[PDB]
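*Asks:* The structure that follows is given in the form of structure tokens.
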4 protein chains.
Amino acid sequence: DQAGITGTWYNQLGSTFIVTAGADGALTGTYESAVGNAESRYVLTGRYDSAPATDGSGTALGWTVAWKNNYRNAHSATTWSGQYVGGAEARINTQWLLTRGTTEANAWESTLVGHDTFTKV
Amino acid sequence: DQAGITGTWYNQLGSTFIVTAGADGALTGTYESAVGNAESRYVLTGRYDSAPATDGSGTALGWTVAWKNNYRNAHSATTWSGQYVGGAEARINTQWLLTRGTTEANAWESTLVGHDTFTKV
Amino acid sequence: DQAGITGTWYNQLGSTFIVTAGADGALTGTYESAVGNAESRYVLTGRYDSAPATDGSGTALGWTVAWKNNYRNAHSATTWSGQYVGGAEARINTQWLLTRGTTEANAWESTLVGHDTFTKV
Amino acid sequence: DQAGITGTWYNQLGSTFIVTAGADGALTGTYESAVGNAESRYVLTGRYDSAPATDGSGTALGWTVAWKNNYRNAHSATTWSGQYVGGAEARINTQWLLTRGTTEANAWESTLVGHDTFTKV
């Protein structure tokens with residue numbers, strides 16, 4: 001699924017996820033968020049299962065973006081955990097955790113959770 | 001916090017997280033899980049906020065492990081999202097999402113969620 | 001939104017959520033899961049914001065199902081946290097946590113996370 | 001575990017959870033949050049597995065609080081999903097989702113996630 005995953009993906013928010021899958025399981029690229037006071041591209045890295053089950057299962061993957069680039073610093077990071085589903089309409093189906101740097105007093109509200117679905121169009 | 005983060009961390013399960021923080025926000029290293037039929041070291045990559053708030057806030061970070069190495073393939077990936085808290089007892093406080101590759105029929109039960117706290121001892 | 005919420009809802013899995021919203025913020029009813037070896041109806045209870053913002057915001061709500069009825073006992077419970085969005089196509093948009101009773105040794109894999117979207121058709 | 005669960009519990013934040021477990025699986029009571037601009041008691045309802053496994057497993061449960069009482073309205077709701085662990089030091093180990101009522105434009109940041117551990121002291 002190296003070629004399956006490599007490319008440009010869009011989620012339901014209009015965000016842009018540009019990734020290369022390495023033969024070794026690497027994910028590298030850039031993320032551009034349509035929401036959350038992000039601007040321009042942010043580095044992302046992650047991993048995927050480079051030898052997935054042959055049984056019709058999705059391919060497990062995740063990646064991280066720290067929301068610091070030359071334009072802005074949100075003092076936060078998102079991880080997306082999900083699976084690549086190949087075929088007519090290839091999807092990456094994810095759930096994500098965004099942790100903001102906080103004081104101990106605000107640690108309880110440090111983390112947002114959501115779900116993003118990525119498509120090739 | 002590059003030096004703060006770089007090193008060997010342990011969670012409440014006896015898992016071992018070995019990471020280097022790059023000046024550019026990179027996280028690279030290896031993870032060894034004490035649970036979940038993992039064996040030996042797995043590659044991890046992630047990101048951290050290399051220019052955190054100066055106001056006593058934690059430093060946002062996350063990373064990914066795909067559970068494939070030369071020993072095993074769980075057909076899964078975990079992301080940890082959290083923050084590094086410096087000082088006497090440095091912590092990485094995380095929440096995690098583990099996605100298993102599944103069929104569409106099992107996609108609803110694809111994802112586990114938990115929380116790991118990492119200490120330097 | 002008492003009348004808005006009261007009724008029969010379906011999620012993307014074909015599950016059936018039958019709820020009454022009380023004037024006091026109560027949610028009571030039954031859930032029938034199309035997946036996960038559930039059979040027939042299970043009691044649910046929850047709460048909703050009976051005096052929501054007037055500013056176009058959704059109405060916050062959640063509810064719990066313990067997966068025990070006269071037919072089966074999964075030794076588990078799901079909570080759905082989300083918001084009711086009124087209008088042409090009323091939705092309840094949720095995220096959920098399913099905790100299984102486990103031993104301490106399996107506590108780390110106790111909890112599944114997902115997202116369900118409920119519609120009136 | 002009806003008697004096990006019934007009582008007054010405290011989490012790591014100094015919050016107060018007062019619950020009665022019904023013979024029928026009901027949870028009813030009040031929650032007082034030490035954080036998050038909550039004041040005084042809020043109604044909670046939930047469910048627990050009234051016939052748990054006999055094998056040393058925890059007892060699955062969850063409950064909901066909508067953050068409206070006579071003092072305040074946060075336009076939000078939290079669900080706690082977890083398990084009751086009996087014995088010398090009885091615990092309720094939970095993970096929680098807090099959904100705020102939002103506009104569609106802010107729906108992506110509607111939901112906070114955390115973990116609370118409740119003890120009888």
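Ordering of the structure tokens sets the chain letters (A, B, ...); residue numbers start at 1 within each chain; ligands are numbered from 1 in the order shown.
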Set out as CSV a contact list for chain D and chain B with a cut-off of 10 Å, giving each residue of chain D that qualifies its closest atom pair and distance in Å to one decimal, counting only C-alpha atoms, ordered by chain and rising residue number.

*Replies:*
```
residue,atom,partner,partner_atom,distance
D:94,CA,B:114,CA,9.7
D:95,CA,B:114,CA,7.7
D:113,CA,B:95,CA,8.6
D:114,CA,B:95,CA,7.7
D:115,CA,B:115,CA,7.3
```

*Asks:* Since chain D and chain C share a sequence, can you fit the second onto the first over all C-alpha atoms in order and output it as a short mmCIF file (atom, residue, chain, number, x, y, z; two decimals) with C-alpha atoms, in the first residue's frame?

*Replies:*
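Writing the result to selection_35.cif gives the following:
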```cif
data_model
loop_
_atom_site.label_atom_id
_atom_site.label_comp_id
_atom_site.auth_asym_id
_atom_site.auth_seq_id
_atom_site.Cartn_x
_atom_site.Cartn_y
_atom_site.Cartn_z
CA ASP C 1 -21.10 -4.69 43.74
CA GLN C 2 -24.25 -2.55 44.40
CA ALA C 3 -22.86 -1.70 47.93
CA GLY C 4 -19.27 -1.56 46.50
CA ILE C 5 -20.30 1.26 44.10
CA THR C 6 -22.88 3.08 46.25
CA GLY C 7 -21.22 5.95 48.14
CA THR C 8 -19.00 9.02 47.88
CA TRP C 9 -15.95 8.95 45.58
CA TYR C 10 -13.17 11.51 44.96
CA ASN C 11 -10.92 11.83 41.89
CA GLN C 12 -7.34 13.14 41.57
CA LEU C 13 -8.76 16.71 41.07
CA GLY C 14 -10.65 16.81 44.38
CA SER C 15 -14.02 16.35 42.54
CA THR C 16 -16.90 14.62 44.48
CA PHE C 17 -19.00 11.85 42.88
CA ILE C 18 -22.01 10.75 45.00
CA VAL C 19 -23.78 7.71 43.51
CA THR C 20 -26.37 5.05 44.30
CA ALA C 21 -26.25 1.77 42.31
CA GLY C 22 -29.78 0.29 41.83
CA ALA C 23 -30.39 -3.52 41.83
CA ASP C 24 -31.55 -2.96 38.16
CA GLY C 25 -28.14 -1.48 36.99
CA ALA C 26 -29.15 2.21 37.59
CA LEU C 27 -26.62 4.86 38.69
CA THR C 28 -28.10 8.10 40.16
CA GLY C 29 -26.51 10.89 42.21
CA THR C 30 -24.66 14.17 41.98
CA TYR C 31 -21.22 15.36 40.79
CA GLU C 32 -19.27 18.35 42.08
CA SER C 33 -16.26 19.35 39.91
CA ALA C 34 -13.22 20.96 41.57
CA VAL C 35 -12.29 22.44 38.09
CA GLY C 36 -13.83 23.91 34.93
CA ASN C 37 -16.01 26.76 36.42
CA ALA C 38 -18.54 24.26 37.80
CA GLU C 39 -20.27 25.21 41.05
CA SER C 40 -22.17 23.05 43.54
CA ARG C 41 -23.85 19.70 42.64
CA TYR C 42 -25.02 18.54 39.18
CA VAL C 43 -27.36 15.63 38.55
CA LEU C 44 -25.78 12.51 37.10
CA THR C 45 -27.30 9.30 35.80
CA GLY C 46 -25.72 6.17 34.43
CA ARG C 47 -25.64 2.37 34.30
CA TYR C 48 -23.41 -0.41 35.60
CA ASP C 49 -23.20 -4.16 34.95
CA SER C 50 -25.33 -5.53 37.85
CA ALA C 51 -24.15 -9.16 37.12
CA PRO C 52 -20.38 -8.91 36.47
CA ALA C 53 -18.01 -11.80 35.54
CA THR C 54 -16.94 -13.85 38.64
CA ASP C 55 -13.37 -14.20 37.26
CA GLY C 56 -11.65 -11.19 38.95
CA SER C 57 -12.67 -8.72 36.14
CA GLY C 58 -13.73 -5.14 37.01
CA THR C 59 -17.41 -4.09 36.78
CA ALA C 60 -18.21 -1.94 33.69
CA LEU C 61 -20.07 1.33 34.28
CA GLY C 62 -20.57 4.83 33.00
CA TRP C 63 -22.51 7.99 33.74
CA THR C 64 -23.34 11.44 32.37
CA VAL C 65 -23.37 14.96 33.85
CA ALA C 66 -24.86 17.86 31.84
CA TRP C 67 -23.16 20.99 33.29
CA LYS C 68 -26.41 22.84 34.03
CA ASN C 69 -27.72 23.34 37.59
CA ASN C 70 -29.41 26.32 39.35
CA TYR C 71 -25.98 28.12 39.61
CA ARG C 72 -24.41 27.73 36.13
CA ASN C 73 -24.77 26.36 32.59
CA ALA C 74 -21.50 25.43 30.79
CA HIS C 75 -23.54 24.23 27.73
CA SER C 76 -21.62 20.94 27.96
CA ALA C 77 -21.84 17.34 29.10
CA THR C 78 -19.26 14.82 30.32
CA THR C 79 -19.56 11.03 30.10
CA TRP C 80 -17.27 8.79 32.21
CA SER C 81 -16.83 5.19 30.91
CA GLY C 82 -14.85 2.84 33.13
CA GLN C 83 -14.80 -0.03 35.60
CA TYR C 84 -15.18 -0.46 39.36
CA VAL C 85 -12.31 -2.51 40.89
CA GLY C 86 -13.25 -3.90 44.37
CA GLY C 87 -10.85 -4.87 47.20
CA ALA C 88 -8.51 -3.29 49.80
CA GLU C 89 -8.29 -0.03 47.76
CA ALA C 90 -11.53 0.07 45.64
CA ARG C 91 -11.17 2.24 42.51
CA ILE C 92 -13.37 3.47 39.73
CA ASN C 93 -10.95 3.85 36.75
CA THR C 94 -12.49 6.05 34.05
CA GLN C 95 -11.93 7.76 30.74
CA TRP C 96 -14.22 10.71 29.92
CA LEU C 97 -15.51 12.76 26.94
CA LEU C 98 -16.72 16.34 27.51
CA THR C 99 -18.71 17.74 24.53
CA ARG C 100 -19.47 21.50 24.48
CA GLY C 101 -22.42 22.75 22.41
CA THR C 102 -20.77 24.46 19.38
CA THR C 103 -21.49 25.90 15.91
CA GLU C 104 -20.74 23.58 12.93
CA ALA C 105 -17.66 25.80 12.29
CA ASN C 106 -16.27 24.88 15.80
CA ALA C 107 -17.66 21.25 15.96
CA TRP C 108 -14.06 19.93 15.30
CA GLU C 109 -12.94 21.30 18.73
CA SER C 110 -16.21 20.33 20.53
CA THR C 111 -14.82 17.41 22.60
CA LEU C 112 -12.21 17.11 25.45
CA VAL C 113 -10.92 13.67 26.57
CA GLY C 114 -9.30 12.68 29.87
CA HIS C 115 -9.08 10.05 32.53
CA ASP C 116 -10.23 10.26 36.17
CA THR C 117 -9.40 7.73 38.95
CA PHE C 118 -11.90 7.71 41.85
CA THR C 119 -11.09 6.46 45.33
CA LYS C 120 -13.22 6.22 48.50
CA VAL C 121 -10.78 8.59 50.47
#
```

*Asks:* As a PyMOL selection string, list the residues of region 13-114 of chain C assigned to strand (DSSP E) by DSSP on the backbone atoms of this structure.

*Replies:* chain C and resi 16-21+26-32+42-48+59-68+73-85+91-100+111-114

*Asks:* Apply DSSP to the backbone of this structure and, from chain D, keep only the residues in alpha helix (DSSP H); write these as a list in words.

*Replies:* residues 2, 3, 4 and 5 of chain D

*Asks:* Next, dump the selected residues to file, keeping only N, CA and C atoms, as a PDB file, in the first residue's frame.

*Replies:*
```pdb
ATOM      1  N   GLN D   2     -23.295  -3.660  44.127  1.00  0.00           N
ATOM      2  CA  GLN D   2     -24.246  -2.551  44.405  1.00  0.00           C
ATOM      3  C   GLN D   2     -23.717  -1.718  45.592  1.00  0.00           C
ATOM      4  N   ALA D   3     -23.389  -2.362  46.706  1.00  0.00           N
ATOM      5  CA  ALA D   3     -22.856  -1.704  47.926  1.00  0.00           C
ATOM      6  C   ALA D   3     -21.434  -1.169  47.686  1.00  0.00           C
ATOM      7  N   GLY D   4     -20.622  -1.942  46.942  1.00  0.00           N
ATOM      8  CA  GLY D   4     -19.266  -1.561  46.504  1.00  0.00           C
ATOM      9  C   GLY D   4     -19.280  -0.189  45.846  1.00  0.00           C
ATOM     10  N   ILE D   5     -20.262   0.049  44.973  1.00  0.00           N
ATOM     11  CA  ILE D   5     -20.304   1.258  44.105  1.00  0.00           C
ATOM     12  C   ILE D   5     -21.015   2.380  44.842  1.00  0.00           C
TER      13      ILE D   5
END
```
